[PDB]
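Peer 1: One structure follows; several queries about it will come next.
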2 protein chains.
Amino acid sequence: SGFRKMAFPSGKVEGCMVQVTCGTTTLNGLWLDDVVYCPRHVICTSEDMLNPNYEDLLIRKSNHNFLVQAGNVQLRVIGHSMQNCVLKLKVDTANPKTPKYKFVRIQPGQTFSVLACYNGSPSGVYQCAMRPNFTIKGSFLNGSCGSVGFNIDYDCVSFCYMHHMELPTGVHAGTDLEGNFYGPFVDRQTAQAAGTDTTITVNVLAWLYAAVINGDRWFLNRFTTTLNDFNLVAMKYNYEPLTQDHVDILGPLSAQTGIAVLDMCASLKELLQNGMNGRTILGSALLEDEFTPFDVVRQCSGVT
Amino acid sequence: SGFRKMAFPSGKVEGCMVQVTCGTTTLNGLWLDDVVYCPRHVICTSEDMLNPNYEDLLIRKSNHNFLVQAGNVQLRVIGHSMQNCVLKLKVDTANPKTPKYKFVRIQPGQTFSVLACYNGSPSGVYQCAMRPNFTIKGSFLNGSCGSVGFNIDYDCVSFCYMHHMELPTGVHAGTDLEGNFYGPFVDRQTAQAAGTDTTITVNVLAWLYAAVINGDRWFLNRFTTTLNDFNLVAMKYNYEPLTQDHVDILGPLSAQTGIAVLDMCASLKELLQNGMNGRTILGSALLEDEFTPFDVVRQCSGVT
Ligand SMILES: *CC(=O)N1CCN(Cc2cccs2)CC1
Ligand SMILES: *CC(=O)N1CCN(Cc2cccs2)CC1
């Protein structure tokens, strides 16, 4: 028992982190097979970041200008190309620690682990979610760019995020491993404001199921609701509308606990309207929305 | 910017996890050099757990009865001994992935990362603190015992915890790597109740400093207090008394932010007496106490 914000074991990803330096700029790169992936803004000076023309800036860079270092050993760059907002640096050596991997582009509401790195060296691992406004709430200082987000399915790492930017509001923006940003963000030092950070309703319900499984049951009530009635309340509280697809995904949690999804919706509706009244659920005083239904099942069953 | 509950990268510890089976019982073991460490309750049947006499039960076990498997390869057990509540199984092969390591016994208030494992296989990593009542609030199902808690200082892993038990209240108890339990807990299926889970005051203040560094400043007020005045409030709210040692440890955070430790104490005092009023600090609606002053400095500076 017990329920924690848990990240995937990071070892498989630690074996892929390298340092990439171009001129005076240093960030992280992801070494998979004979390719090192990194944000294209590694070619920029802080002055270039104002209105960069990446294709033009890249013309002034040759293979020998990209310094790639894995631990204390240098990798030889034999090619470079730009794909959207990432650079792909072909090196002459395949990463011997390359795990089974995939590049996936996640949807908002999906969670992942981040291995925050500086100078190609891992500093820590934490769990994130792709917010409905396509930002993530991470922990990233200067030098952390190129750190990646991932999920693991037994022995295959699905990389889903690469860190590129911090908005003036302290929230983060990045790309998938094809270099396409999540949301409307651009790799430029300009005014970029995030939209409404709505709450991921299906995740809150999954977390309420985890609370019941782990003994926290005070919030269970004698009520039920419908999807349409619940959604009137979800609209008022800036929660994502709940769909039948979300109800279907909560099926296994409903089956395990014996609590119908719409009854859990009614508990969530009372929690939104009445508040917590100074009480906690799984050690939290707010409704947690960065656990998906799959994360709850995984943690509650002990998948390795 | 951004501040997250961050665990250490787990790779160094993943390389040490093995499965240990004795009879019909399977849990995790920690393989360092040619020794595998695991909870001594691996020798028990659920029936033995009621009132086990470990020295007597161990007499019926020989080296060949301890099945140790690292991945899909079996390790040969050439010796076994009991040290307090852990068994040390000497194997004929040194773990080639043994990192630089130390065994440390932590104090309450200290934080650490847990690599939750099942059948010697890592499932996830999360951050914990040794509570003032010597329990930890983890996420551990049957089979998770033998999972370890650790801190890393650059390339040396300091192992501080090994999972052994879950109390009826859903909280966890375990030992250091010498087999001595934290607190008064015993490895027996008996009535064991935890004492008051008081809040780690110095950790809350460190986290308030992290909030100011990361932009959350609404709780800063025009007041100050003394250690004795603050402690009258800390007593009322089940917070640990603050000492001059704690004030000294907060020195670097005070220096960085320009906020005197006693002024931050006064902010915390108002937060305790007035509550949050529906507001949040670093995405939390309660005062977080599982970040030490050292964790805050580490995360805010990017130590790898
Ligand atoms: C994440 C990180 O390391 N940095 C340093 C480089 N910086 C370049 C810029 C991208 C957009 C505007 S400036 C991003 C943050
Ligand atoms: C943590 C874990 O794997 N388990 C299974 C074995 N169980 C034995 C007992 C220890 C004290 C009472 S029963 C502990 C939990």
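Please note that chains go A, B, ... in the order of the structure tokens, that every chain numbers its residues from 1, and that ligands are numbered from 1 in the order shown.
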For stretch 156-160 of chain B, work out the shell of residues within 9 Å, counting only C-alpha atoms and skipping chain neighbours fewer than 5 positions away, then give it as an MDAnalysis selection string.

Peer 2: chainID B and resid 12:13 99:106 112 148:151 175:177

Peer 1: Grab me every residue within 6 Å of ligand 2, counting only C-alpha atoms and all ligand atoms, and send it over as a ChimeraX atom specification.

Peer 2: /B:27,41,49,142-145,164-165,187-189

Peer 1: Identify, on the basis of only C-alpha atoms, every residue whose closest approach to residue B:75 does not exceed 7 Å; exclude the query and any residue fewer than 6 positions from it along the same chain; express the result as a PyMOL selection string.

Peer 2: chain B and resi 68-69+91

Peer 1: Tell me, which residues of stretch 130-228 of chain B carry DSSP alpha helix (DSSP H), written as number ranges by chain?

Peer 2: B: 201-213, 227-228

Peer 1: Which residue, B:84, B:178, B:266, B:302, has the smallest gap to ligand 1 when you use only C-alpha atoms and all ligand atoms?

Peer 2: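 Closest to ligand 1 of all the choices is B:302.
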
Peer 1: As a list in words, please: all residues of stretch 52-100 of chain A that backbone DSSP puts in strand (DSSP E or B).

Peer 2: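 In stretch 52-100 of chain A, DSSP puts these residues in strand (DSSP E or B): residues 66, 67, 68, 69, 70, 73, 74, 75, 77, 78, 79, 80, 81, 82, 83, 86, 87, 88, 89, 90, 91 and 100 of chain A.
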
Peer 1: Would you mind reading off the distance between atom CA of residue B:152 and atom CA of residue B:94, one decimal, in Å?

Peer 2: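 Going from atom CA of residue B:152 over to atom CA of residue B:94, I get 21.2 Å.
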
Peer 1: Quick one: which residues from chain B are at most 7 Å off chain A, using only C-alpha atoms, as a PyMOL selection string?

Peer 2: chain B and resi 1-11+14+118+121-126+137-141+170+285-286+302-304

Peer 1: Those residues with C-alpha atoms, as a PDB file, in the first residue's frame please?

Peer 2:
```pdb
ATOM      1  CA  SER B   1      12.991  27.564 -12.705  1.00  0.00           C
ATOM      2  CA  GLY B   2      10.279  25.273 -11.311  1.00  0.00           C
ATOM      3  CA  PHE B   3      10.554  23.079  -8.238  1.00  0.00           C
ATOM      4  CA  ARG B   4       9.657  19.394  -8.213  1.00  0.00           C
ATOM      5  CA  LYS B   5       9.742  16.431  -5.854  1.00  0.00           C
ATOM      6  CA  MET B   6      12.845  14.976  -7.457  1.00  0.00           C
ATOM      7  CA  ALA B   7      14.518  11.630  -6.891  1.00  0.00           C
ATOM      8  CA  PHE B   8      18.169  10.796  -7.593  1.00  0.00           C
ATOM      9  CA  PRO B   9      18.873   9.113 -10.965  1.00  0.00           C
ATOM     10  CA  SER B  10      18.344   5.397 -10.167  1.00  0.00           C
ATOM     11  CA  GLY B  11      20.682   3.681 -12.655  1.00  0.00           C
ATOM     12  CA  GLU B  14      19.152  -0.599 -10.689  1.00  0.00           C
ATOM     13  CA  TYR B 118       9.438  -6.497  -7.506  1.00  0.00           C
ATOM     14  CA  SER B 121      13.112  -5.723 -11.204  1.00  0.00           C
ATOM     15  CA  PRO B 122      12.737  -1.956 -10.836  1.00  0.00           C
ATOM     16  CA  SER B 123       9.221  -0.544 -11.094  1.00  0.00           C
ATOM     17  CA  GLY B 124       9.717   3.093 -10.120  1.00  0.00           C
ATOM     18  CA  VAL B 125      11.570   5.750  -8.203  1.00  0.00           C
ATOM     19  CA  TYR B 126      10.205   8.277  -5.721  1.00  0.00           C
ATOM     20  CA  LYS B 137       5.357   7.123   3.628  1.00  0.00           C
ATOM     21  CA  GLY B 138       6.187   4.982   0.607  1.00  0.00           C
ATOM     22  CA  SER B 139       4.532   2.920  -2.097  1.00  0.00           C
ATOM     23  CA  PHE B 140       5.230  -0.741  -1.459  1.00  0.00           C
ATOM     24  CA  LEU B 141       3.166  -3.804  -2.363  1.00  0.00           C
ATOM     25  CA  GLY B 170      -0.472   2.015   5.613  1.00  0.00           C
ATOM     26  CA  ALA B 285      -2.135  23.301  -0.944  1.00  0.00           C
ATOM     27  CA  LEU B 286      -0.262  22.130   2.188  1.00  0.00           C
ATOM     28  CA  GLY B 302      21.632  21.928 -10.663  1.00  0.00           C
ATOM     29  CA  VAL B 303      24.114  19.592  -8.912  1.00  0.00           C
ATOM     30  CA  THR B 304      24.758  16.434 -10.966  1.00  0.00           C
TER      31      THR B 304
END
```

Peer 1: Find the spatial neighbours of stretch 207-209 of chain A, counting only C-alpha atoms, within a cut-off of 7 Å - ignore same-chain residues fewer than 3 positions away - and output them as a PyMOL selection string.

Peer 2: chain A and resi 203-204+212-213+253+288+291+296

Peer 1: Enter the distance from atom CA of residue B:77 to atom CA of residue B:62, in Å, rounded to one decimal.

Peer 2: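 Those two atoms sit 9.3 Å apart.
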
Peer 1: For residue B:227, please output as a VMD selection string all residues within 9 Å (counting only C-alpha atoms; exclusion window: fewer than 2 positions along the same chain).

Peer 2: chain B and resid 225 229 to 232 241 to 244 262 265

Peer 1: Could you turn the residues from that selection into a file that holds N, CA and C atoms, as a PDB file, in the first residue's frame?

Peer 2:
```pdb
ATOM      1  N   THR B 225       9.803  36.834  14.186  1.00  0.00           N
ATOM      2  CA  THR B 225       9.527  36.117  15.414  1.00  0.00           C
ATOM      3  C   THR B 225      10.884  35.731  16.059  1.00  0.00           C
ATOM      4  N   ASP B 229       9.292  32.004  20.428  1.00  0.00           N
ATOM      5  CA  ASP B 229       7.921  32.353  20.055  1.00  0.00           C
ATOM      6  C   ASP B 229       7.437  31.410  18.954  1.00  0.00           C
ATOM      7  N   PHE B 230       8.267  31.198  17.930  1.00  0.00           N
ATOM      8  CA  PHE B 230       7.929  30.287  16.850  1.00  0.00           C
ATOM      9  C   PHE B 230       7.624  28.879  17.388  1.00  0.00           C
ATOM     10  N   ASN B 231       8.451  28.389  18.300  1.00  0.00           N
ATOM     11  CA  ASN B 231       8.289  27.062  18.864  1.00  0.00           C
ATOM     12  C   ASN B 231       7.016  26.888  19.669  1.00  0.00           C
ATOM     13  N   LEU B 232       6.458  27.960  20.241  1.00  0.00           N
ATOM     14  CA  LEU B 232       5.155  27.882  20.911  1.00  0.00           C
ATOM     15  C   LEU B 232       4.084  27.517  19.888  1.00  0.00           C
ATOM     16  N   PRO B 241      10.301  21.169  17.052  1.00  0.00           N
ATOM     17  CA  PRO B 241      10.862  22.437  17.537  1.00  0.00           C
ATOM     18  C   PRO B 241      12.053  22.857  16.665  1.00  0.00           C
ATOM     19  N   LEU B 242      12.149  24.130  16.345  1.00  0.00           N
ATOM     20  CA  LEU B 242      13.246  24.645  15.537  1.00  0.00           C
ATOM     21  C   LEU B 242      14.416  25.011  16.465  1.00  0.00           C
ATOM     22  N   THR B 243      15.614  24.587  16.098  1.00  0.00           N
ATOM     23  CA  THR B 243      16.804  24.846  16.906  1.00  0.00           C
ATOM     24  C   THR B 243      17.722  25.838  16.182  1.00  0.00           C
ATOM     25  N   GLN B 244      18.761  26.332  16.889  1.00  0.00           N
ATOM     26  CA  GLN B 244      19.755  27.188  16.233  1.00  0.00           C
ATOM     27  C   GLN B 244      20.506  26.373  15.164  1.00  0.00           C
ATOM     28  N   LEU B 262      14.425  33.989  10.719  1.00  0.00           N
ATOM     29  CA  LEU B 262      13.317  34.266  11.643  1.00  0.00           C
ATOM     30  C   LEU B 262      12.147  34.981  10.964  1.00  0.00           C
ATOM     31  N   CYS B 265      10.368  32.176   9.415  1.00  0.00           N
ATOM     32  CA  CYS B 265       9.615  31.575  10.522  1.00  0.00           C
ATOM     33  C   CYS B 265       8.310  32.296  10.800  1.00  0.00           C
TER      34      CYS B 265
END
```

Peer 1: I want to know what sits within 7 Å of residue B:40, based on only C-alpha atoms, with residues of the same chain fewer than 4 positions away left out; could you give that as a list in words?

Peer 2: residues 85, 86 and 87 of chain B

Peer 1: Could you write those residues out with N, CA and C atoms, as a short mmCIF file (atom, residue, chain, number, x, y, z; two decimals), in the first residue's frame?

Peer 2:
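File part04.cif, as written:
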```cif
data_model
loop_
_atom_site.label_atom_id
_atom_site.label_comp_id
_atom_site.auth_asym_id
_atom_site.auth_seq_id
_atom_site.Cartn_x
_atom_site.Cartn_y
_atom_site.Cartn_z
N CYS B 85 18.41 -7.46 11.41
CA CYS B 85 17.27 -7.94 10.63
C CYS B 85 17.56 -8.15 9.14
N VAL B 86 18.84 -8.14 8.72
CA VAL B 86 19.15 -8.43 7.31
C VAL B 86 19.98 -9.71 7.20
N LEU B 87 19.86 -10.38 6.07
CA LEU B 87 20.71 -11.49 5.75
C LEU B 87 21.73 -10.98 4.74
#
```

Peer 1: List as a PyMOL selection string the protein and nucleic acid residues near residue B:134, meaning an atom at most 7 Å away when only C-alpha atoms are counted, but skip any in the same chain fewer than 6 places from it.

Peer 2: chain B and resi 108+182-183

Peer 1: Enter the distance from atom CA of residue A:52 to atom 14 (C, counted along the ligand's line) of ligand 1, in Å, rounded to one decimal.

Peer 2: 12.7 Å
